[PDB]
Structures are given as C-alpha cells and as structure tokens.
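S.K.: Numbers 1 to 145, 148 to 324, taken from the deposited numbering, label the letters of the sequence shown in order. One structure coming up, written as structure tokens, with questions to follow.
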Amino acid sequence: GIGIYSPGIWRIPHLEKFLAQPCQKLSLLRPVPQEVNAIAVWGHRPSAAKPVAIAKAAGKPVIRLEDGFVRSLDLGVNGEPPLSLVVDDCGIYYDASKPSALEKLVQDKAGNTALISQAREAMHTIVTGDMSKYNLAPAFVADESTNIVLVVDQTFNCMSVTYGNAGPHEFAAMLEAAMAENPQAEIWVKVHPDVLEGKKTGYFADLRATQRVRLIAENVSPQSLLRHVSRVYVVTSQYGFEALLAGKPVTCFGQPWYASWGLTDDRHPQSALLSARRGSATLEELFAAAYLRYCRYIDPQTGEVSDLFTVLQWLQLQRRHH
Ligand SMILES: COc1ccc(C(=O)NCCCCCCCCO[C@@]2(C(=O)O)C[C@@H](O)[C@@H](O)[C@@H]([C@@H](CO)O[C@@]3(C(=O)O)C[C@@H](O)[C@@H](O)[C@@H]([C@H](O)CO)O3)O2)cc1
Ligand SMILES: Nc1ccn([C@@H]2O[C@H](COP(=O)(O)O)[C@@H](O)[C@H]2O)c(=O)n1
Ligand SMILES: [Cl-]
C-alpha cells in the first residue's frame, strides 16, 4: 500500500486510519517493493529528501503528511501522538511555490459551501471554547477592557517559513513594520511554545526589548491572547488563520496557506502572482477546506476514523480535568 521510511512516522498510532489504506515500513537500503503504490514523507523535512529521491527513481508518487491544525492536548515536541494529520497528494499546504491539495480544495467552492453548518459549529467551538493546534496552555490573564499589536514568532528550523518564501530576515522586517505602522501601540512579540519548552529556538533571540516592544514568554492559549490585541503580524504561522477566526486583521510577511485569498494584508513580493493563481475565498470556505476536508481525524479513545467535532469534544473534556 503506502511505504513509510521514517521511523517517526511509522510509530504514529493508527497511521493507517489517517491514510485510509494499508501502510508498511520500508528500508533505505532495499529496493521499493512492487506492492507499494506511493511513499509517504513528512512535509519537506530534511528527513524526507532520501525517500523523495528513491520514489522518483522508482516511478512512485509521493504523499506528504503533517500535523493537523487541531492536533493534540500537549505539544508534538513532548511526545504526544497526533489526533489529526493532513494528507497531501500534490504538494504540501505551506509550500507557496505551486498548488497543494489544500489550495485545490479551497478553490472547490461548492464542496466547501456544502459544509457551512459544520464549519460554523467548529469555528464557534474553536474561538469561544479557546482551542488551537495545541491545547494544554492556560488562558492569558488580563483585563478585557485597542492599542496592542501582536507579532508572532515561530520555530527556527520550521519548513513553513522556508517554503512560504521567507526566513529570518522577514521576521526582522515584520517587527520593524509593526513598530513603524503603529507608533502609539504596544508591540507584543509572542514566543512559540516549542521554544518556551526548551526544545527549539525562535527568530528573536537577539531582540533587545524596550518599554514599547515587549516579549510574551508565557505559554497561553491563542484565542485568549487574541482577545486582547487589535491586529496581528505573521510570517507564516498558523496563528494568522486563528487570528482571522478571532475577527482580527492579519498582515503577512511570508506566503502561508491562508494568504493571497483576499482576506490578509499581504506584504510579500510574490503576492500578486500568488493571488492570481489562488483567486478569492471566504473565511468559511478556507475553514471548511482546511479543517474539514484536508485534515483527517481519529477517535481519541477507539483509534477509528473520526471527525473534528469528536476531537474537539474530547480535548474540551480533557482540559476540564487537567
Ligand atoms: C547506509 O548509510 C546511511 C543510511 C541512512 C542514513 C540516514 O540518513 N538515516 C536517517 C534517516 C532519517 C531519520 C528520521 C528520524 C525520524 C524523524 O521523524 C519525523 C520525520 O521527519 O519523518 C516524524 C514526523 O512525524 C515528525 O515528528 C518529524 C519532525 C522532525 O523532522 O518534524 C516536526 C518537528 O520539527 O518537530 C515538524 C513540525 O512541523 C511538526 O509536524 C512536528 C510534530 O509536531 C512533532 O513534533 O514534527 O520527525 C544515512 C546513512
Ligand atoms: N508564537 C506562537 C506561534 C504559534 N503558536 C501555537 O502554535 C500553533 C502552530 O503555529 P506555527 O505554525 O507558528 O507553528 C498555533 O496554532 C498555536 O497554538 C503560539 O501559541 N505562539
Ligand atoms: Cl533569510
């Protein structure tokens, strides 16, 4: 069925439930067996390069996997297995250079409008229930009473930045723009939870904070923090889409999966070309395509094929406890 080289992918519980077909472990030192129809790798991680080369030489297509957008309770870097994966037979969502399976799903407007009730239900649970990709962080504590601008940091070796046509230099450009364009505001630079855990680095290690430019190094749930801000600047973070769900304006310095559909203030030099390729989409079309069609889910108790709604309910149940 599907060949898996990576031992890290192979150990994902219920891998075959996400892929919807049988899977088998392959060795880098043996030929591709005839019974394998496609090879699955993790996005454009460095670990994917050898299996991608082998697939090309063997005449086999590549499927790219990654975490879903509502993934788990604890962080991926803390060894928590995923409850959702993305499955991409074309490219991968974060690679802006060519269409992905997700881009094509977004463009199928009719298939997305069919899902409008499920989209509205899940959107409401995510925002008002304060859910995200990772779900263990407590809510941010603050007075609910319009002068705060959020600048989102990411992880230094994450491929969404690179394949979104960006790198460390766009993080500096983003911060400088947030400062200059909002001279009366406080600028909050939010550090990524993987970096707060000590497992990864970010893009602002050298930043000298000031009275106006502050570091947010508390691990807090995104929707709770978004209630306290007036607008959001990103390079390629998933936070940008979560900020759209929260009703905030979003400025993008990279080319993430949700840029160039008409819903974001796009700053990248390739924005016009990408917008021409993508066209327009509504927020609910983007949400249905990504969260309901592109992402696949398993049941957190039985392991069987599931849906977003079941995963959300479980994650809310586990939170009350924890
Ligand atoms: C004969 O000489 C010879 C033979 C072989 C070699 C050689 O090259 N050997 C090494 C082969 C490659 C070893 C790969 C180790 C396992 C990596 O597992 C994964 C992967 O990349 O496939 C499994 C995935 O499910 C992920 O966990 C990824 C990680 C790291 O690559 O990706 C991220 C992460 O950075 O943490 C990416 C994120 O976007 C996110 O998905 C997170 C996730 O939440 C979990 O943390 O994974 O590892 C030489 C010589
Ligand atoms: N600075 C950041 C960036 C991301 N995040 C979290 O990490 C998830 C994934 O975002 P990235 O695409 O930035 O890795 C977000 O959904 C959110 O839970 C955060 O909480 N603070
Ligand atoms: Cl760079």
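Using N, Cα and C, we set each Cβ at its ideal position, and we do this for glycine too.
Any heavy atom of ligand 1 within a distance shorter than 7 Å of the CB on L15?
M.R.: Counted from its first residue, the sequence shown places residue 15 at position 15. Incorrect: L15 has no Cβ contact closer than 7 Å to ligand 1.
S.K.: Hey, quick one: how far does the alpha helix (DSSP H) through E286 stretch, first residue to last?
M.R.: Numbered from 1 along the sequence shown, position 284 holds the residue referred to as residue 286. Here the alpha helix (DSSP H) through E286 covers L285 to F289.
S.K.: Regarding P195 and ligand 2, is the C-beta to nearest heavy atom distance less than 7 Å?
M.R.: Sequence index remark: in the sequence shown, residue 195 carries index 193 (1-based). Checking every heavy atom of ligand 2 against the Cβ of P195, one is found closer than 7 Å.
S.K.: Going by other Cβ atoms of all chains shown within 10 Å of its Cβ, with 16 needed for buried, is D143 buried or exposed?
M.R.: The residue labelled residue 143 in the question sits at position 143 within the sequence shown. Exposed, because fewer than 16 other Cβ atoms sit within 10 Å of the Cβ of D143.
S.K.: Please confirm whether any heavy atom of ligand 3 lies closer than 7 Å to the CB of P271.
M.R.: Position 269 of the sequence shown, counting from 1, holds the residue named residue 271. No, Cβ of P271 sits at least 7 Å from all heavy atoms of ligand 3.
S.K.: Check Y299 in the structure and name its three-state DSSP category.
M.R.: Here residue 299 refers to the residue found at position 297 of the sequence shown. Residue state, collapsed to three classes: strand.
S.K.: Can you have a look at residue 330 and say buried or exposed, based on whether 16 or more other CB atoms are within 10 angstroms of its CB?
M.R.: The question about residue 330 has no answer, for the chain in this structure spans 1 to 324.
S.K.: Sorry if obvious, but does the Cβ on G169 come closer than 7 Å to a heavy atom of ligand 3?
M.R.: Here residue 169 refers to the residue found at position 167 when the sequence shown is read from its first residue. Yes, ligand 3 has a heavy atom inside 7 Å of this Cβ.
S.K.: Go to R322, then tell me how far its alpha helix (DSSP H) extends in each direction, as first and last residue.
M.R.: Start at 1 with the first residue of the sequence shown, and residue 322 comes out as number 320. Counting along the chain, the alpha helix (DSSP H) containing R322 begins and ends at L310 to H323.
S.K.: Consult DSSP for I92 and reduce its assignment to one of helix, strand or coil.
M.R.: Here the question's residue 92 lines up with position 92 in the sequence shown. Three-state result, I92: coil.
S.K.: Quick one: what does DSSP say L217 is sitting in, helix, strand or coil?
M.R.: Along the sequence shown, one-based indexing puts residue 217 at 215. Residue state, collapsed to three classes: strand.
S.K.: May I ask which residues mark the beginning and end of the alpha helix (DSSP H) holding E188?
M.R.: Here residue 188 refers to the residue found at position 186 when the sequence shown is read from its first residue. It is not in any alpha helix (DSSP H) - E188 instead sits in the beta strand (DSSP E) that spans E188 to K192.
S.K.: Just mark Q257 as buried or exposed, buried being the case when its beta carbon has 16 or more other beta carbons within 10 Å.
M.R.: Within the sequence shown, residue 257 is the residue found at index 255, counting from 1. By the 10 Å Cβ count, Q257 comes out buried.
S.K.: To the nearest angstrom, how far is the alpha carbon of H323 from that of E286?
M.R.: By 1-based counting over the sequence shown, the position of residue 323 is 321. By 1-based counting over the sequence shown, the position of residue 286 is 284. Using only the alpha carbons, I get a separation of about 31 Å.
S.K.: Is any heavy atom in ligand 2 found nearer than 7 Å to the beta carbon of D155?
M.R.: Here residue 155 refers to the residue found at position 153 when the sequence shown is read from its first residue. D155 Cβ: within cutoff of ligand 2.
S.K.: Please identify the residue among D268, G79 and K60 whose C-alpha is closest to the C-alpha of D67.
M.R.: Taking the first residue of the sequence shown as 1, we reach residue 67 at position 67. Among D268, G79 and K60, the Cα nearest to that of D67 belongs to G79.
S.K.: Is the Cβ-Cβ distance between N112 and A290 less than 8 Å?
M.R.: One-based indexing of the sequence shown puts residue 112 at position 112. One-based indexing of the sequence shown puts residue 290 at position 288. Yes, the pair counts as a contact, with Cβ atoms nearer than the cut-off.
S.K.: What is the rounded straight-line gap between the Cα of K109 and the Cα of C297?
M.R.: One-based indexing of the sequence shown puts residue 109 at position 109. One-based indexing of the sequence shown puts residue 297 at position 295. So the alpha carbons of these two residues sit roughly 17 Å apart.
S.K.: Whose C-beta lies closer than 8 Å to the C-beta of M123 among residues of the same chain, with five residues either side of it excluded?
M.R.: Counting from 1 along the sequence shown, the entry for residue 123 is found at position 123. Only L247, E286 and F289 meet the Cβ criterion.
S.K.: Does DSSP put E66 in a helix, in a strand, or in coil?
M.R.: Numbered from 1 along the sequence shown, position 66 holds the residue referred to as residue 66. In the structure shown, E66 sits in a strand (DSSP, three-state: E or B).
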